[PDB]
Amino acid sequence: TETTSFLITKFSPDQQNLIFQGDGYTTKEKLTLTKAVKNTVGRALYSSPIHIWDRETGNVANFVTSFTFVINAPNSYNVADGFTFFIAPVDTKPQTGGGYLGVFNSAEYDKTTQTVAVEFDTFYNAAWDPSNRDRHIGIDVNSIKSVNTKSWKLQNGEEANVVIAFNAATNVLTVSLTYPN
Amino acid sequence: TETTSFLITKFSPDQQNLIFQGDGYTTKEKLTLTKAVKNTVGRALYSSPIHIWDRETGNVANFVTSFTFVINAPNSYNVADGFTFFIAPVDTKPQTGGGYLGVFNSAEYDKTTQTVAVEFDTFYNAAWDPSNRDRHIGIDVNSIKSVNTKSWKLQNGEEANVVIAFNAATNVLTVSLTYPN
Amino acid sequence: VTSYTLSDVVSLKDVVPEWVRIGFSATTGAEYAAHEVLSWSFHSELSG
Amino acid sequence: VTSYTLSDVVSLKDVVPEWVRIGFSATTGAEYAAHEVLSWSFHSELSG
Ligand SMILES: CO[C@H]1O[C@H](CO)[C@@H](O)[C@H](O)[C@H]1O
Ligand SMILES: CO[C@H]1O[C@H](CO)[C@@H](O)[C@H](O)[C@H]1O
Ligand SMILES: [Ca+2]
Ligand SMILES: [Ca+2]
Ligand SMILES: [Mn+2]
Ligand SMILES: [Mn+2]
């Protein structure tokens, strides 16, 4: 049996158990991935590698993560690109930026990427996003083009509470985002 | 609030959430610090830095750790040197070997070591160990000369259950060791 | 209180390595916004 | 069952840095022995 847990209700200016990439940093008790500037990327990863499945027994881990994030845009019409929670190889660097959200490099299935991500997409990219043009939550597997999505109405500046859980018995990944109002 | 937790009941051959130093490595579901060889050292650290205290608030963490260790000597009378659980700076590296247990460099108090350790000492070093020559459990603070010790009877090849706890309200560090019989 | 849920089947073992790192990412392009995280908890259990 | 207990007051705040790594260490000299760990759990909580 192997378990890994951690909880951070308020970030410190020197959060040494986190790895920062791009514009990522902590300040004012919060974790800032990007400020309101153009063409940029920021990432933050938990320091310790996680044992998600066992080669010997073929067992896969159950896991649950919960977090509160905020998106602050200059207005409600021009918002981009989004935010993700992701699972990737141990030594990973930022991938393509913009609509690729820093975790993928194409809309076609690339098995070498070895990345699963839950996206909170705020900008409609014609080449691959849902034709309805709505902002949306999506589950991504080795591709920026989600295997499934759900229209999501962004509440600018509001705290969104997220729970992402994985059930190893059924291989089901569940995502839920809740706004207090 | 910041918590860190983990549990490992079976060690894997490539335990990526651990950092190995000296001859430490994993084999047969266990973590081997050293083999029954002469003049050697082995250390293993949890990869993630732990936030033990905060200068801003002045708060100190409560913590508890449990582990089962085994000491297998060819002869129950020709044993050395010992084993420790320690807390040290993030960039900690192996120190002096032999009776210094790879964590300290002197019997004299050295503030720059910045290391607290609980030792399970199996060899009598006349220069600093209890004069009764008994093998012993000791609490070491920036020195190989224990601040307090307790006589302990080693049971060659037997599993020992250890619980080390620190109470931040009283600054009390408690150690308990138990053998199946 | 406004909630949104989404679920799907993902065979983790066929997609990611045995050992991984978890984290967050956010980007901007021609259009932008600030992306912040206020709290984070995680728990995983691998039996056997 | 054979149990041994030991305790003392240690002001961690004055000895170790705010951030630390924890672990095990073992050595041999003229005399020796294999040192092995079969299981390990840890939990820390810093109020804030
Ligand atoms: C107009 O397109 C550009 O800006 C958008 C929004 O920022 C990004 O999604 C995209 O990758 C980038 O090429
Ligand atoms: C004979 O002395 C040597 O062996 C003993 C026991 O292995 C160690 O304690 C000591 O540091 C080393 O110098
Ligand atoms: Ca998009
Ligand atoms: Ca000794
Ligand atoms: Mn999308
Ligand atoms: Mn001693």
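Within every chain, numbering begins at 1; the chains are lettered A, B, ... in the order of the sequence lines, protein sequences first and strands thereafter.
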Going by the salt bridge (charged side-chain N to carboxylate O under 4.0 Å, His left out) test, which pairs reach into residues 108-132 of chain A, not counting sequence neighbours? none
B:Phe86 versus B:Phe104: any side-chain heavy-atom pair under 4.5 Å? no
Take a 6.0 Å sphere around OH of C:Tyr32 and say whether it holds more than 12 heavy atoms from other residues, nucleotides or ligands. no
Aromatic ring proximity B:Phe69/B:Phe120, centre distance under 6.0 Å: yes
Of all the heavy-atom pairs spanning A:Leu33 and C:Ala26, show the shortest one and how long it is. CB-CB, 3.8 Å
Would D:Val16 and B:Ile52 satisfy side chain to side chain contact (heavy atoms under 4.5 Å, CB included), going step by step from the backbone distance to the final call? CA-CA 8 Å; D:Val16 302; B:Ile52 213 69; 3.8 Å; yes
Please list, chain by chain and in numerical order, all residues satisfying side chain to side chain donor-acceptor pair (under 3.5 Å) with A:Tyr124, sequence neighbours excluded. none
Do you know the tightest heavy-atom contact between D:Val20 and D:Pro17? CG1-O, 3.5 Å
Should D:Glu18 and A:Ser12 count as side-chain neighbours, where that means a heavy-atom distance under 4.5 Å? no
Which residues share a side chain to side chain contact (heavy atoms under 4.5 Å, CB included) with B:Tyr100, sequence neighbours left out: B:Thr96, B:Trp128, B:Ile144
Do C:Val37 and A:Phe83 come close enough that some side-chain heavy atom pair is under 4.5 Å? yes
For a quick test of reading the model, state the closest non-hydrogen atom pair linking B:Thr113 to B:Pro89 and the distance between them. O-CD, 3.9 Å
So does A:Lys150 have more than 12 non-hydrogen atoms from other groups sitting under 6.0 Å from NZ? yes
Within the structure provided, determine whether C:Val1 and A:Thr178 are in side-chain contact (heavy-atom separation under 4.5 Å). yes
What do the steps show when you test A:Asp81 against A:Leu101 for side chain to side chain contact (heavy atoms under 4.5 Å, CB included), and what is the final call? CA-CA 7 Å; A:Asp81 271 290; A:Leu101 313 172; 3.7 Å; yes
By side chain to side chain donor-acceptor pair (under 3.5 Å), which residues pair with B:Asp14, not counting sequence neighbours? B:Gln16
How would you list all residue pairs meeting salt bridge (charged side-chain N to carboxylate O under 4.0 Å, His left out) that involve residues 20-46 of chain C, not counting sequence neighbours? A:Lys30-C:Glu36
How would you list, by chain and number, every residue that makes a side chain to side chain donor-acceptor pair (under 3.5 Å) with B:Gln21, sequence neighbours excluded? B:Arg43
Can you list everything that forms a side chain to side chain contact (heavy atoms under 4.5 Å, CB included) with B:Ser5? Sequence neighbours excluded, please. A:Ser5, D:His43
With sequence neighbours excluded, residues passing ring-ring contact (aromatic ring centres under 6.0 Å, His included) with B:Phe20: none
Would you compute the distance between atom CZ of A:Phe11 and atom CD of B:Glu2 and round it to the nearest 0.5 angstrom? 8.5 Å
Got a second to check how far B:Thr3's OG1 is from B:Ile50's CD1, nearest 0.5 Å? 10.0 Å
Listed by chain and number, what are the side chain to side chain contact (heavy atoms under 4.5 Å, CB included) partners of A:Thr149, not counting sequence neighbours? A:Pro130, A:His136, A:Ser146
From A:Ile71 CD1 over to A:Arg135 CZ, what is the distance, rounded to the nearest 0.5 angstrom? 9.0 Å
Using side chain to side chain donor-acceptor pair (under 3.5 Å) as the criterion, list what pairs up with B:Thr34, not counting sequence neighbours. D:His35
Return the OG to CZ distance between C:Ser44 and A:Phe6, rounded to the nearest 0.5 Å. 9.0 Å
Would you check if A:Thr65 and A:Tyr46 make a side-chain contact, meaning some heavy-atom pair closer than 4.5 Å? no
Are any non-hydrogen side-chain atoms of A:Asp140 and A:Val103 less than 4.5 angstrom apart? no
Less than 6.0 Å separating the ring centroids of B:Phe85 and D:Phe42? no
Salt bridge (charged side-chain N to carboxylate O under 4.0 Å, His left out) contacts touching residues 58-79 of chain A (sequence neighbours left out): none
Side chains of A:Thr40 and C:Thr28: donor-acceptor distance under 3.5 Å anywhere? no
For A:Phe166, enumerate each residue passing the side chain to side chain contact (heavy atoms under 4.5 Å, CB included) test, keeping only those at least two apart in sequence or located in another chain. A:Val60, A:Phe63, A:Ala168, A:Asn171, A:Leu173, C:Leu12
Would you please say whether a donor-acceptor pair under 3.5 Å links the side chains of B:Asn17 and B:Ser47? no
How many angstroms lie between CG in B:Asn167 and OG1 in B:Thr174, if you round to the nearest 0.5 Å? 8.5 Å
Could you report the tightest heavy-atom contact between B:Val163 and B:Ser66, atom names first, then the distance? CG2-OG, 3.8 Å
How about B:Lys10: does its NZ atom have over 12 heavy atoms from other parts shown lying under 6.0 Å from it? yes
Counting distance only, does the side-chain N/O of B:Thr9 pair as donor-acceptor with the main-chain N or O of A:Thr1 below 3.5 Å? yes
Mind listing the closest non-hydrogen atom pair of C:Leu6 and A:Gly138 along with its distance? CD2-CA, 4.0 Å
Does a side-chain heavy-atom distance below 4.5 Å link B:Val141 with B:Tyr109? yes
For side chain to side chain contact (heavy atoms under 4.5 Å, CB included), just list the numbers for B:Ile8 and B:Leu18, CA-CA rounded to whole Å, side-chain angles, deciding distance to a tenth of an Å, and then say yes or no. CA-CA 11 Å; B:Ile8 301 169; B:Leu18 266 42; 4.0 Å; yes
Mark yes or no for whether B:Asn59, through its side chain, and D:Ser47, through its backbone, hold a donor-acceptor pair below 3.5 Å. yes
List the atom of A:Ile139, the atom of C:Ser7, and the distance in Å for their closest heavy-atom pair. CD1-C, 4.1 Å
Without hydrogens or angle criteria, can the side chains of A:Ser151 and A:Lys153 be said to hold a donor-acceptor pair below 3.5 Å? no
Are the side chains of D:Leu46 and B:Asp54 in contact, using a 4.5 Å heavy-atom criterion? yes
Is A:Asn132 atom CG crowded by more than 12 heavy atoms from other residues, nucleotides or ligands, each under 6.0 Å away? yes
Is it the case that the side chains of B:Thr84 and D:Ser25 hold a donor-acceptor pair, with the cut-off being a distance below 3.5 Å and no angle test? no
Show your reasoning for whether side chain to side chain contact (heavy atoms under 4.5 Å, CB included) applies to A:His51 and C:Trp19. CA-CA 5 Å; A:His51 205 184; C:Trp19 291 95; 3.5 Å; yes
Rounded to the nearest 0.5 Å, what's the gap from OG1 on C:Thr27 to CD on A:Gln95? Could you check? 12.5 Å
Ignoring hydrogens and geometry, is there a side-chain-to-backbone donor-acceptor pair from A:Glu158 to A:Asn156 under 3.5 Å? no
